[PDB]
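Below: one structure, written as structure tokens.
We use all heavy atoms of the structure for the numbers below, so side chains are in, but hydrogens, waters and symmetry mates are not. So you know, we letter chains A, B, ... as the sequences are listed, proteins then strands, and number each from 1.
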Amino acid sequence: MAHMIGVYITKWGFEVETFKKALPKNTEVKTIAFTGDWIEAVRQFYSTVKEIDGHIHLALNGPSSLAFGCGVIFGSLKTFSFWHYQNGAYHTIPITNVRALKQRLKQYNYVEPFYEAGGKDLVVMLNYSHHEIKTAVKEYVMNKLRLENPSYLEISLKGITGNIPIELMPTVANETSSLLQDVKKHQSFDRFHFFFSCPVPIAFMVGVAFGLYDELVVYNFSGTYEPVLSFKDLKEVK
Amino acid sequence: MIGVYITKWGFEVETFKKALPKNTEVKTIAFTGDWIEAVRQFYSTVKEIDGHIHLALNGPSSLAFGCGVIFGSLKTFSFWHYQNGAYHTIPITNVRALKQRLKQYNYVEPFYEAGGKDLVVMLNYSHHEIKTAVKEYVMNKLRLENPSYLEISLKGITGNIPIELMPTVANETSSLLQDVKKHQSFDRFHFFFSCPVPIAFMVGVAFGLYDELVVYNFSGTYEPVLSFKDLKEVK
């Protein structure tokens, strides 16, 4: 009865065959159309994975902010393979168990946190990819969020910024997850504000690990930053 | 596989075809002094190709940069550079290697002059300063308000860049173009070139269409030839 299925979240739709051909023979693929409505796509994603019995093959052709949202409501009852499009075709992320991602670490090999102590709003920046975002996020926060002296957590990577292989993505996601729990020891935050310069698979896996435990807001860059998912919306998806 | 040849002429395509693997078709894109039209036709040609692309370009580095910007960074490519009377392949089988952000730079160095939120970028591998001429143009024709300036130039290397170092120089340049954003959040980048075509292409690939950018070309004087709005509308 239980049988593997593909779920493809895409800003387009026409290109789904590339994903399908990468999967085992006779794997059905359910397409979720992302049209610039984050909460609707997350809702449809939840609806789809809720009723799936079996291993889920995921791919997401779309923003990392959406990937993070989908991760947050994914939960920990289902297994998945994450497929990523690179230098030719789709390749599976080394199959990462959900419980494995939430493992807390004492030693980090890749992530480098820079914590700036402030108030109860924490601005989280995953500064992992080619495009440098720190000053852009701070300018946006200062001009648009109307917060008093927010705390900042900028996370950069040692060595691999802008060139993260598939094979390191589970490790980077695990390390990020562990840091996001560590930071809560500094103080009790009211709210986490998430900004990404980050591969989609990592964003998804970090969302899976972090979950919907804290008040959070997810932000997307499209010429400027805007909030695209809130804790309230994500809670109401279930 | 196919080859795409972007050229200010057209008649000379056969040496490119001959350099490629047997039975590679080549599409010529004829540049006639309209940058946005050539970039449009380039994008139209490569848009639905996923596999490896062979590229060559006979024309200005400013065009090469524009083609790089709309190429994206999902597709692998070989750039065939014409040097010392023949074509030489620059194979890029991992595009992310061009986008790796660096702490250690071996071949290029930044010279940053702090100003406002317009950044004037000079990609100058010539071993003779272009800053005075660019500044005169900026002050007199663009009338920008207290722009920041970033010159990127060679260090250590005293002459031409060998083929073998062109990916490295492009990678380092691209990394510096992101590193400068640590100084402040810029609103707009203005690109001026004195540089080899393959480097311009590779830097365009990495930089992408992520910041408001304007591309300038030197032909006796400087003029803008590509804007962010035009490039956005190509897609």
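Inspection of the B:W80 and B:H88 side chains reveals no N or O donor paired with an N or O acceptor under 3.5 Å. Under the 3.5 Å distance criterion, with hydrogens and angles disregarded, no donor-acceptor pair is assigned to the side chains of B:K99 and B:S174. If you check the side chains of B:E129 and B:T132, you find a donor sitting under 3.5 Å from an acceptor. A donor atom on one side chain and an acceptor atom on the other are not found under 3.5 Å apart for A:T18 and A:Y85. Side chains of B:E12 and B:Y5: a donor on one and an acceptor on the other come within 3.5 Å. B:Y125 and B:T173 form a side-chain donor-acceptor contact under 3.5 Å, judged by distance and modelled atom types alone. Side-chain atoms of A:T79 and A:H55 form a donor-acceptor pair, as typed in the model, at a separation below 3.5 Å. There is a side-chain donor-acceptor pair under 3.5 Å between B:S227 and B:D230. With 3.5 Å as the limit, one finds a donor-acceptor pair spanning the side chains of B:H128 and B:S126.
Salt-bridge check for A:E154 with A:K138: failed, with every basic side-chain N at 4.0 Å or more from each acidic carboxylate O. In this structure, B:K229 does not pair ionically with B:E212, as no charged nitrogen and carboxylate oxygen lie closer than 4.0 Å. Classification of B:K117 and A:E139 as a salt-bridged pair holds, one side-chain N sitting under 4.0 Å from a carboxylate O.
Judged purely by atom type and a 3.5 angstrom limit, B:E172 uses its side chain to pair as donor or acceptor with the backbone of B:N106. With hydrogens and angles disregarded, no donor-acceptor distance shorter than 3.5 Å links the side chain of B:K47 to the backbone of B:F42.
The aromatic ring centres of A:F82 and A:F204 sit less than 6.0 Å apart. You'll find the ring centres of B:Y216 and B:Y222 outside the 6.0 Å limit. In this structure, the ring of B:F191 has its center less than 6.0 angstrom from the ring center of B:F207. Between B:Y112 and B:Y149, the distance separating the two ring centers is not shorter than 6.0 angstrom. Here the two rings, on B:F16 and B:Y87, have centers that are under 6.0 Å apart. Aromatic rings from B:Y43 and B:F71 are positioned such that their centres are separated by 6.0 Å or more.
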Could you check A:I9 against A:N61 for side-chain contact (heavy atoms from CB on, under 4.5 Å), going step by step and ending with a plain yes or no?
CA-CA 6 Å; A:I9 304 190; A:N61 181 20; over 6 Å; no
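One finds the CG atom of B:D118 at 7.5 Å from the CD atom of B:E145 (value rounded to the nearest 0.5 Å). Rounded to the nearest 0.5 Å, atoms OH (B:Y107) and CD1 (B:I161) are 11.0 Å apart.
The two residues A:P165 and A:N163 have their closest heavy-atom pair at CD-O, 3.4 Å. Nearest heavy-atom pair, B:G3 versus B:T24, reported as atom, atom and distance to 0.1 Å: N-CG2, 3.8 Å.
A:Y140 and A:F195 have perpendicular rings, their planes meeting at more than 60° on a 0 to 90° scale where under 30° would count as parallel.
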